[PDB]
Structure formats: C-alpha cells, structure tokens
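Visitor: Mind looking over this structure? Questions follow.
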Amino acid sequence: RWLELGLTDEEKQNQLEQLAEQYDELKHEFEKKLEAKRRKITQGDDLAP
Amino acid sequence: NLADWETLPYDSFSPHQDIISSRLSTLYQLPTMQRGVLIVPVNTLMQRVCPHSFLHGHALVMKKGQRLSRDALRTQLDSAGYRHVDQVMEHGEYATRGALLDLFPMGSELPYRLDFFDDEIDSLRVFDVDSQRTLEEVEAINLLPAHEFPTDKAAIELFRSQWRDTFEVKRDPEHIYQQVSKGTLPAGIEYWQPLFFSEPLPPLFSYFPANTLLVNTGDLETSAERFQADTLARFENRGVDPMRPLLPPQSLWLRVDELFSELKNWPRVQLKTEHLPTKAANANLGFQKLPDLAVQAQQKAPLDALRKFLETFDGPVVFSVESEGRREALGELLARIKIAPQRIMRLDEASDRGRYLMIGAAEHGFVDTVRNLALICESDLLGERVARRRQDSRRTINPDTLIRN
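Those sequence lines, one after another, are chains I and A. The opening residue of the first sequence carries number 996 in the authors' numbering; numbering runs sequentially from there. The opening residue of the second sequence carries number 69 in the authors' numbering; numbering runs sequentially from there.
Written out as structure tokens, the structure reads:
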C-alpha cells in the first residue's frame, strides 16, 4: 500500500495508478510465463522415427 | 408532481432517466414560477440537487435561423454528454444522418431534427420515434444536457479529487472510481453524485423564491426520521461492500432538526384530520366525512341509504365520475332513484338542492357545512374501487412490443 495515499488532484496520482497497473501486469506476466516455461520444459521432445 | 427515483435507499441500480429528465424540468422550472403548485414528499424533499446556475449554464437554446456548424453543436452535445445511439429511444441520445442530427433532449417530451446547412440551423422538426415520421415544426429548442450531472474531463478529475479525499481505491476494475476514471456510467452511481461539488449540495429550498408556499400533512418529521433510520440501516448493510463505497447520509440528505430550521424560513399551513384546540391560528373548517352509502344489492334497496341521505340533505350533491364511460353506469343507477344530476365542470356554480357531477376519480364523498354541499364517489358506493399499480408512468415490463421488437 503505496497506492491509495491521499495525493493532490493531478497527473501524479494518475501515474501512481499507471505504475500499480503495470505492477499487476508484471504479476500476470509472471503467472503466465512461469507456467509457460513449466510446460515447455516438461513436454515431450520431437524425434526421428 | 416532483416524482422521485423510486429506488432503494442505497440502491444498486439506475432509476428511469425520463422522469429524472422531467424532474430536471422541475429543476429547470422551480425558481421561475409565478403560480401553480409542486408537490414533494419529504424523502423526495431530502435530495439536495445541483445548482440552477449549473443547470442554466449547461442548458442552452438553439433557434430557427441560427448560424451553427453541425459538428460544433455535436461537440456541444459531447459537452452535454449525449449518448451516441444508432437508433435513439430515450433522453440524451443522438444519431448522425447526413446533415440531419437526430436527438431526443432531456427537457422535452419529443425528439428533434436539425438538418444544418452552411454553418446554419436550417430546420427544427419533431416526430414520434415509434412513428419515426415528422410531426411538426418548432422554431426554437431549449436543450437540457443529457444528465443532471457533469461527466466531462474536469468533472471526472474533480470527482477523482473528492474521491481520493474520501474513499479508498483499489486496482480492481469494477471499482466505482475506476469506471468514472474511464468515463463510463455505473448503475448505482446516483447516490455518489455529491462527488462533483466543493460545496455541499444545495437543497431545493435553495431554489425556493419568496412567493412559494409550504403545506404540511402530518408529523412528516416522524416519517423523515423513519427514513433516516431505514437509510442508515442501509448505510451499515451496504456499507460493508468494498466494491460500492457509501457516502455520508448527511452528505446526501438533510437532517430533520436542521431541516425544520430551514422550514422556519417560509410560511407553512399544516393539515390535520383531527380537530384542533381553540388556540390562535387554528381553523377547523366545516367539513364532515359523509356516512357510507354503499350499494346493498342483495335486498330490494341498495339505494335507500342514499335516499334518506338525500332528503335530510339541503344542498348540491355533486358526483365524482371516473369517466364518461363510467357515467351511464351512474345513469344505470340514477334512474333507480328518480333523480339525475346535471354535468358541470365549475365547482362554484353549485346552488341550493342542485344535483351536479364532474368527471373526476375522487376518493370519497363528503358534507360541506359552509356551502352545505354533498359529494359522492365510486369508492363510497361500489366498495373499494381500488386500482392496482403494476408500474410507474415511464417504464414497465414489455410483454407485447419488446419480444416483437
């Protein structure tokens, strides 16, 4: 909670909203990328007959 | 009538805008008035509304031969927060069609056609939308803007100001702050309207000119206190939601004592069915409830009570009639009492022992002492002639048109 703090009405708190949004976006990036690499490692590997 | 929103205290939905627009007209036409009457209930009296100066700056007028660009006025309609609908049905909605810009305003009963020309207002032409065909020309329009409430960029910013003064904010996109920061409209926004104003919301009393009158019926303070308690109960019950945060009920509505302190400012006539003591400024004017004269069809005489009422009475008996299609039913019975009235529309034409009637849906008959006037209604006769209200004037369930539409 550095996000909800009482700030004067300006573009500053707008950018705090932006940065918290990007923080949540990186959280989502992590939670997809981790499972993505997990399936990438664990999956079968193509071969010759 | 100043109708209300007809929602829950701390509701979660949107009231029907049209009567709101109608109330807006009332808001448009309250500190301008010279006779006539508005009614309000106290729960409707507690909504403290945006200033008439705000309205007056926002509500504007176009004229018949006025030099105006189409997209210029359309930009003013964006300033009005008018809603772009391809097929417009209600207020604050607009459609683009050639030089024609169709819009249904939130003042009027009826929508408008503009057809501009060479930076110029050519036409101003109105129609029924379900007809979708021209009805008549007018040379002028006062267009009230699409909401009572500003939703412009400055409005959104200062909303965000007062919001982050008051409430908490989350990263959740379903936060009220979040959609208003996106500039879209919440369902239950209408309680959060104080967020637009540095000042507290002016009461309708603030709108009141000098020549207004206040008329009371009942200890309406008590009903107000009940509504305060009920709405306060909603202030705890709904005041647990992190997803819809609740303003102070003080910040929306006035309290009863301070209310009565502004009620000091205008003369007020109070009404009690109960008889008064003989203190000063007590009137107790000469009126009695007429005794019951219902139809007793099972015996020979449904009408003898009516009869012995009639010959002990000594004045005009006037009959409230719901419709002319009601009245022959009256005649159906009025031949049975040998006596039939003369239809009138003016009350004070009545004279001694005259039987008269008016088309009117009135509740109950009475006895007037001063002019000695009897009056007769349908609820006194055919039992409770009650009308079950399915919905309000504007909206209802649509079993016929909608599924066809």
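Heads up, the beta-carbon is just placed ideally off N, CA and C, and yes, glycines get one too.
1. Are the beta-carbon atoms belonging to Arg336/A and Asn279/A less than 8 Å from one another?
2. Restricting to runs no shorter than 3 residues, where is the beta strand (DSSP E) found entirely within the stretch 194 to 237 of chain A?
3. Would you identify the three-state DSSP class for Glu161/A, choosing helix, strand or coil?
4. One question on the structure: do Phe328/A and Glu293/A come within less than 8 Å of each other, judged by their Cβ atoms?
5. Could you spell out where the alpha helix (DSSP H) holding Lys1028/I opens and where it closes?
6. Rounded to whole angstroms, what is the Cα-Cα separation between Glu258/A and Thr219/A?
7. Check for me: the beta strand (DSSP E) holding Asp186/A runs from which residue to which?
8. I need the DSSP call for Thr75/A, collapsed to helix, strand or coil.
9. Verify the CB distance criterion: does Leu226/A have a CB-CB separation below 8 Å to chain I?
10. Which residues in the same chain as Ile427/A place their Cβ atom closer than 6 Å to its Cβ, once the five residues preceding and following it in sequence are excluded?
11. Would you be able to state if there are at least three C-beta pairs under 8 Å between the stretch 106 to 116 of chain A and the stretch 182 to 201 of chain A?
12. Could you pull the start and end residues of the alpha helix (DSSP H) that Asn111/A belongs to?
13. When you compare only the Cα positions, how much space is there between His215/A and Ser447/A?
14. In angstroms with no decimal places, state the Cα-to-Cα distance between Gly104/A and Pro310/A.
15. How big is the Cα-Cα spacing for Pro241/A and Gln155/A?
16. Ignoring anything shorter than 3 residues or poking outside the stretch 356 to 389 of chain A, list the beta strand (DSSP E) runs there in chain order.
17. For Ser90/A and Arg462/A, what's the separation of their Cα atoms in angstroms?
18. Grab the span of the alpha helix (DSSP H) containing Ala140/A for me, first residue to last.
19. So with CB distances below 7 Å, who are the chain A contacts of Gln1008/I?
20. Could you tell me which chain A residues have their CB closer than 7 Å to the CB of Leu1002/I, listed as they occur along the chain?
21. At 9 Å on the CB atoms, spell out the chain I contacts of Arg458/A, in chain order.
22. Are there 16 or more other CB atoms within 10 angstroms of the CB of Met413/A, so buried, or fewer, so exposed?
23. Looking only at its chain, what residues have a beta carbon closer than 7 Å to the beta carbon of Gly307/A, apart from the 5 residues adjacent to it on each side?
24. Drop a sphere of 10 angstroms on the beta-carbon of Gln115/A, count the other beta-carbons inside from all chains shown, and report buried for 16 or more, exposed for fewer.
25. Would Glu1016/I count as contacting chain A if we go by Cβ distances under 8 Å?
26. Would you kindly report the start and end of the unbroken beta strand (DSSP E) that includes residue 990/I?
27. At 3 residues or longer, what runs of the beta strand (DSSP E) sit wholly inside the stretch 266 to 317 of chain A?
28. Would a C-beta distance cut-off of 8 Å place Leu358/A and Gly433/A closer than the cut-off?
29. Using a cut-off of 9 Å between C-beta atoms, extract the partners of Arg239/A located in chain I.
30. Could you tell me which residues DSSP pairs with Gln338/A in its beta bridges?
31. Using a Cβ cut-off of 7 Å, pull out every chain I residue sitting near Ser229/A, in sequence order please.
32. Find the residues of chain I that neighbour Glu236/A, judging by a C-beta separation of less than 7 Å, and give them in chain order.
33. What number of angstroms, rounded off, separates the C-alpha of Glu1030/I from the C-alpha of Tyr1018/I?
34. Hey, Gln85/A and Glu158/A: beta-carbon distance below 8 Å or not?
Guide: Judging by the given coordinates:
1. Not closer than 8 Å, so no.
2. List check, beta strand (DSSP E) in window: 201 to 205, 208 to 211.
3. DSSP places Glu161/A in strand when its eight states are reduced to three.
4. No, the pair does not count as a contact, with Cβ atoms beyond the cut-off.
5. Looking at the DSSP string, the run of the alpha helix (DSSP H) that includes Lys1028/I is 1006 to 1037.
6. One C-alpha to the other measures close to 13 Å.
7. Run containing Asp186/A: none; DSSP gives neither H nor E here.
8. Under the three-state reduction of DSSP, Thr75/A is assigned to coil, being neither helix nor strand.
9. At a cut-off of 8 Å between beta-carbon atoms, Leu226/A makes contact with chain I.
10. Cβ neighbours of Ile427/A beyond the five flanking positions: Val389.
11. Cβ pair count under 8 Å is below three, so no.
12. Residues 110 to 113.
13. Their Cα atoms are separated by approximately 41 Å.
14. Roughly 46 Å separates the two Cα atoms.
15. Computed Cα separation, rounded: 29 Å.
16. List check, beta strand (DSSP E) in window: 385 to 389.
17. Cα to Cα, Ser90/A sits roughly 11 Å from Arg462/A.
18. In the DSSP annotation of this structure, the continuous segment of the alpha helix (DSSP H) that includes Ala140/A starts and ends at 138 to 147.
19. Those within 7 Å of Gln1008/I in chain A are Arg232.
20. For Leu1002/I, the chain A residues whose C-beta falls within less than 7 Å of its own C-beta are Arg232, listed in chain order.
21. Within chain I, no residue comes near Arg458/A; the closest Cβ sits about 46 Å away, beyond 9 Å.
22. In this structure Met413/A is exposed. Its beta-carbon is surrounded by fewer than 16 other beta-carbon atoms within 10 angstroms.
23. Counting only Cβ-Cβ distances below 7 Å, and skipping sequence neighbours, we find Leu314.
24. When all chains shown are included, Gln115/A counts as buried.
25. With a threshold of 8 Å between beta carbons, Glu1016/I makes contact with chain A.
26. No information on residue 990/I is available, as it lies outside the stretch 996 to 1044 that chain I covers here.
27. DSSP runs (the beta strand (DSSP E)) wholly in the stretch 266 to 317 of chain A: 282 to 285.
28. Between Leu358/A and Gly433/A, the C-beta gap is smaller than 8 Å, which places the two residues in contact.
29. What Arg239/A touches in chain I: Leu998, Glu1012, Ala1015, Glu1016, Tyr1018, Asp1019.
30. Looking at the DSSP assignment, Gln338/A forms a beta bridge with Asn284/A.
31. Going along chain I in sequence order, the residues near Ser229/A (Cβ under 7 Å) are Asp1004.
32. By Cβ distance, chain I contributes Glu999.
33. So the two alpha carbons sit approximately 19 Å from each other.
34. Contact flag set, yes.
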